[PDB]
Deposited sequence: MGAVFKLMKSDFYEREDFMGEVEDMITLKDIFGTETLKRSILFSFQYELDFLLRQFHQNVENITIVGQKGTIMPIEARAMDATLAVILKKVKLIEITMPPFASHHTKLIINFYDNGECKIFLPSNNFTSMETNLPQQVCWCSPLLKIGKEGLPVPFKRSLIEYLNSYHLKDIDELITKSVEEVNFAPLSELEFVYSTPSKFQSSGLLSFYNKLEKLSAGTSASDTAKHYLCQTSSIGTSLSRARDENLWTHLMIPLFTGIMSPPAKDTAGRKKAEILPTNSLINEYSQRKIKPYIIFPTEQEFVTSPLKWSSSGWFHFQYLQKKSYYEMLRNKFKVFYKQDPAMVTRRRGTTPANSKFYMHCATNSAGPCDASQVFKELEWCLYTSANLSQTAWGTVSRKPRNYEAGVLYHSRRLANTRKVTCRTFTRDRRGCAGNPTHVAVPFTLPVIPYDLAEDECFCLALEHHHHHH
């Protein structure tokens, strides 16, 4: 079955879990196809077994740094001949953030992974990272269409590159995706020709919950992100999660933004509970590598503080690790995974209506809006309870207590920010 694993760190596990070497080092691996925002080629290529025949690497022109001669050795020169680069030219202010691995093995097997780390030593080892692992898939003729496969192919098409069409999509097409028949592949693309991002995700959730009646249940919506974008509007404080996404998902608004005070009453009246997990200032003090992982966490609110105060004090949206539940070896180190999830009710989040794990951070550029398309490539997997084989809920557990559908790096429960003391981490330095 598909499984979430916590990526091992050279620092936190020194002497359940996965490493890049488990993914790439297997002697039966024949081919890997990789997508990422950043590759450190000498670090990445050292993960592979000599048996590998091809490594196809997709990334933005310039995010694939060649190995300098001084860092070459015998082994690397051999693996390097097996590398095919597909270099993407992005529009301005657009990023290729998708992290995706498609592996093909000796006996026609295939396995797909979504790691939260870029392929660099620093990303892999500093902030907490996770990796979703598909079940084993087999090359073979397909029966009924599998949504995950259809969406993955739309997504690949949306690069509009002949090399992707020929070298990747054709190979994906041969794979039977039946073991993924419960899951959805949810993505963003700048392609004008393919709907994606928030509008498509919203339409997908509306379709997946069709018929479901309303309840007096509390409605919990949680986001864990390593970036929090600024206001959707220059004239008003409006946050993507609280003002647009949650209101869409709950039915507060439809596609054809509400005043903040109206939203707060609506949340109170519908028992909506919003959460954003983002590191506090003090959680770096109780992290083993201290502020080392802090550069991955971006929420630059100092220039428009009222937007932050609104989130912190009016929506009371911020949540932090339970310092009693974290391991000694990881402490309160923040995670660079992105999860979005919904629970309808301490035990909160252990049974979910749905959960999306993705590269997409909480920004307009990753998700778009109702009217604007995403600027980035992003990809993720969605578990939806109505899509499960059995009439059941998606189950979730925290890695900090280490089978469930989902596993998250944050504690369960998470703890509200203490309004007297806690503040989201934000550093303004001279260089930025």
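Going by C-alpha coordinates, which parts of the deposited sequence are missing from this model?
Gaps vs deposited seq, in order: 1, 17-23, 265-275, 365-372, 430-436, 467-470.
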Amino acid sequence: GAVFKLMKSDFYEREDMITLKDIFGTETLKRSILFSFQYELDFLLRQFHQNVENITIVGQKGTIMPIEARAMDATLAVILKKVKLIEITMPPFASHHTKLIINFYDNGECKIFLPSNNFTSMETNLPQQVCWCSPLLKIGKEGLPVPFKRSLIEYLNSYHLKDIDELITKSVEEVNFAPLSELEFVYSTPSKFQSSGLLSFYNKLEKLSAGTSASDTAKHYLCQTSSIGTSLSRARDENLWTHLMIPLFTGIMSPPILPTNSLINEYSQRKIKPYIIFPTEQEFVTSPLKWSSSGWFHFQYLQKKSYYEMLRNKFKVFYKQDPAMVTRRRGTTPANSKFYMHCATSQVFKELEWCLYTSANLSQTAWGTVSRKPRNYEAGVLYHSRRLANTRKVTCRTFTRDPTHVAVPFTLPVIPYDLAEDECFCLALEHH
From here on, numbers count along this sequence of modelled residues.
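Tell me which stretch has the larger mean Cα B-factor in this entry, 22-30 or 376-384.
Going by the record's values, the stretch with the higher mean is 22-30.
Quick one: higher average CA temperature factor, 56-64 or 34-42?
Mean C-alpha B-factor is greater for 56-64.
With respect to the C-alpha temperature factors reported in the PDB entry, which of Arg312, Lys338, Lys81, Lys290 ranks highest?
Largest recorded C-alpha B-factor: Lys81.
From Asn107, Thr120, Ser359, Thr242, which pick has the Cα B-factor that tops the rest in the entry?
When the deposited C-alpha B-factors of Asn107, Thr120, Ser359, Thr242 are compared, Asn107 is largest.
Considering only modelled residues of the same chain, in which third does the CA B-factor of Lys162 rank: lowest, middle or highest?
Its C-alpha B-factor belongs to the highest third of this chain's values.
Chain third (lowest, middle, highest) by recorded CA B-factor, residue given as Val394:
It belongs to the middle third of the chain when residues are ordered by C-alpha B-factor.
Would you mind checking where the Cα B-factor of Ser196 ranks among the modelled residues of its chain, as the lowest, middle or highest third?
As the PDB entry reports it, the C-alpha B-factor of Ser196 lands in the middle third of its chain.
Taking the C-alpha B-factors as the PDB entry records them, is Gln50 in the lowest, middle or highest third of its chain?
For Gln50, whose C-alpha B-factor we compare with every modelled residue in the chain, the answer is the highest third.
Third of chain Cα B-factors occupied by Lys219:
For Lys219, whose C-alpha B-factor we compare with every modelled residue in the chain, the answer is the highest third.
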